[PDB]
């Protein structure tokens, strides 16, 4: 690979701040050589600087953790990707033909319940932040709506799919998702900054605060740090750090978290758009220089995350801006992948 471009990374973070992120940061693990940059503040009221060691909410990067657990269950003979979800969770879904593989790849047609939660960003946050939902509650909310496409027929990202994932994990193992994450992923990889504390609202240790951008242009930011994340759970509630997400995605792509057969299933790409694919709880992004990278994004309130690795896991990148609902920031932070993998132009 090209050398990572730290000048480029610096410019990306500075641009993100100019667009409304209180803080922005990035760490690159380049085959044993670290790159680390940060600009701005973890806490905009106190002025505490953000750093690459600050913990944060990784949001929908959680889907990759959920997928790893399910694929290990496939390896162990406990789960068949091509069986009906309703084979394992009887009467759960409106269509018995929706399969596990389809849920994990966002091809199920299940309506995304978050549609009905966060259309108004800040009011929706205030509605959910202190609620505790069961998995079934979230499924019921989705099923107030019809499916949006036939089983397997179309890609349509939906949190409902990874609510189903968590129910499958807990059903088939008899354990909580926290226990499964801890025993299958956090402990083996020594992810000392990584937690699943739902429904606790505290982020353990030193962390970036999250700032939700209101829907109204120019509106004051809302501190969204402390919430249950119960609306997401196995779709979005993991806490981590840049070092730990780098370790996780490197381990995944280098073959350490499941059999080769199941990693191949995880990397069967469903088209998202002309430069992106979705596997099983895994994203592919195709970068401008002809490099593809693999990982996931997160957008949980107040935190935009990119965590991606090269195909062999030898270079990994995690970037965080501590705002959300700000597409200028979101698009700018994607440029960290360009600078880190494509290097200087």
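Residue numbers count along the first chain shown, from 1.
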Problem set entry | Mean C-alpha B-factor comparison - 296 to 304 and 282 to 290, higher one | 282 to 290
For this session: Determine, for stretches 145 to 153 and 193 to 201, which one has the higher mean CA B-factor as deposited.
Result: 145 to 153
For this session: Compare the CA B factors listed in the entry for 269, 162, 181, 111 and report the winner.
Result: 269
Seminar exercise, completed: Listed options 275, 247, 233, 105: highest C-alpha B factor recorded at 275
Exercise. Among the chain's modelled residues, which third holds the C-alpha B-factor of residue 90?
Worked result: highest
Exercise. Would the CA B-factor of residue 124 place it in the lowest, middle or highest third of its chain?
Worked result: middle
For this session: Looking at the entry's B-factor column for C-alpha atoms only, identify whether residue 310 ranks in the lowest, middle or highest third of its chain.
Result: middle
Exercise. In terms of the CA temperature factor given in the entry, to which third of its chain does residue 63 belong: lowest, middle or highest?
Worked result: lowest
Problem set entry | CA B-factor placement of residue 57, once the chain's modelled residues are sorted into thirds | lowest
